[PDB]
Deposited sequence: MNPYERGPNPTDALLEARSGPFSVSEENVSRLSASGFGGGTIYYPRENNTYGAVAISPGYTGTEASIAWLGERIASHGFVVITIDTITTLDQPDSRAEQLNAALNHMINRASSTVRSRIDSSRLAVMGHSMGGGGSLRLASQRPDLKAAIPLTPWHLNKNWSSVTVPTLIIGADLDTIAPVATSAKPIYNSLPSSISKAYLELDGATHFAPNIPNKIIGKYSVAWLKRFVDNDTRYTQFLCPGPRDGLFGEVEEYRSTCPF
């Protein structure tokens, strides 16, 4: 029925494990190869299928090492993911929006034949930490063709992204003092309309930098959002709707369920 389904039927434990069910290979992107971004590493499933593609940007002063684990973990579930370095570590969100677009075009048009052939270039997503998260919002606003956006503890000058129609998962951190959710992630979340697919997930006991180490909640619901909207995979609806309990790693969850 759904031609884009990949991998076995999902369970909690499957989505929580450090690695998903697809075995993955890497392709190095040199800075000299990258036009308009700082290079990075492409993780892809070795199995010969087509998959959506995802570009992930780090945040201010951040390197790709800060987001590496999340690239390989998402890839291990059935996606082609590039984690990038940016042109300079001090680039601001709109510049990162540009580099995320550059990262997507590198994967689709510039990567080796082994990577390009595994990509359905009509199904793309962006993700970002902090200023990279504002990059994801800005490019999503500019590229309503994208199928998903996951800003992690995001910050952008502007908190009004009501013009975005891409299905967007905002992840915030309750102890975040650098992009406090009160002024950034939650104003960003509430700016998106009820008419689009969206959700807000606030980590419990979590600082701005919780996305930069392996985190089973971020891994689980990132994959779940990408499955539902990059792959149209309704097997994953049940993880997002009504979505995670509190009381235990999840402090708060809002959504426009049902999807």
property	result
In sequence order, the deposited-sequence ranges that have no modelled C-alpha atom	248-249
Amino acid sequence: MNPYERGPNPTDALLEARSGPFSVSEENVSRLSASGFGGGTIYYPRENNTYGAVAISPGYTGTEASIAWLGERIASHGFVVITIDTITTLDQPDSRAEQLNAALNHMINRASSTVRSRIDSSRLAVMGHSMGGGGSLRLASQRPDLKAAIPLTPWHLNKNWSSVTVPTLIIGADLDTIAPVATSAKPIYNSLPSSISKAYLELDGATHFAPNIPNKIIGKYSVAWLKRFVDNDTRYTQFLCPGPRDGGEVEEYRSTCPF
From here on, numbers count along this sequence of modelled residues.
query	finding
26-34 versus 213-221 - greater average Cα B-factor per the deposited record	26-34
149-157 or 80-88, whichever carries the higher mean Cα B-factor	80-88
Options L175, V164, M107, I171 - largest CA temperature factor per the record	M107
Lowest, middle or highest third - CA B-factor, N190	lowest
Chain-relative CA temperature factor third for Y51	lowest
Chain-wide C-alpha B factor ranking for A103, given as lowest, middle or highest third	highest
Record-listed C-alpha B factor of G135: chain third	lowest
Third of chain Cα B-factors occupied by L15	lowest
